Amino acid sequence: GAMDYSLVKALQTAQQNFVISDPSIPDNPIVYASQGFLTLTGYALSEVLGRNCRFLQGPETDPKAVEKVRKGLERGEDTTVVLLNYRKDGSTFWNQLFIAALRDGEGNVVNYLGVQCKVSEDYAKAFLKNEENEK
């Protein structure tokens, strides 16, 4: 199960916000979220399970950031983005998102692991500007 991954347990020891998705199910829904994640977003575990994590996006979320994630998952690439996300109550925060595939011995992606770090506006501002400049 989700907590049997050694890196999941590792992340738990620092109380990091993370989710696990199951890409073998249509639309790659979340199948575990840490307590940190549930508190950040304002949802109960049972509510988040079964949803694709795009439910944290909204009108001011940059579609180009979201497309970086989609492509990374498509192309088999680790991805890190900063993007605007939305809590259950509609209030927003900046989310630095770290995504990687968890693979079996043949390279088949068995789950995705996604770590979320809430970051300040100023940090998001500077990260995105550096991203854009470096690009």
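In this text, residue numbers run from 1 along the sequence as written. Here the rigid core means the biggest group of C-alpha atoms that line up within 1.5 Å when the two forms are laid on top of each other.
- Once the rigid core is used to overlay the structures in 5 other deposited structures of this protein, the stretch among 98-106 and 79-87 whose CA atoms lie farther from this form is 98-106.
- Root-mean-square C-alpha deviation from the shown form, taken over all structures in 5 other deposited structures of this protein superposed by the rigid core, is larger for 9-17 than for the alternative among 9-17 and 112-120.
- Mean CA temperature factor is higher for 105-113 when stretches 105-113 and 26-34 are set side by side in the entry.
- Looking at 115-123 and 15-23 together, the entry lists the larger mean B-factor for 115-123, computed on C-alpha atoms.
- When all modelled residues of the chain are sorted by CA temperature factor, residue 64 is found within the highest third.
- Among the modelled residues of its chain, residue 70 has a C-alpha B-factor that falls in the middle third, as given in the PDB entry.
- Among all modelled residues in its chain, residue 50 ranks in the lowest third by Cα B-factor.
- Ranked by Cα temperature factor within the chain, residue 128 sits in the highest third according to the deposited record.
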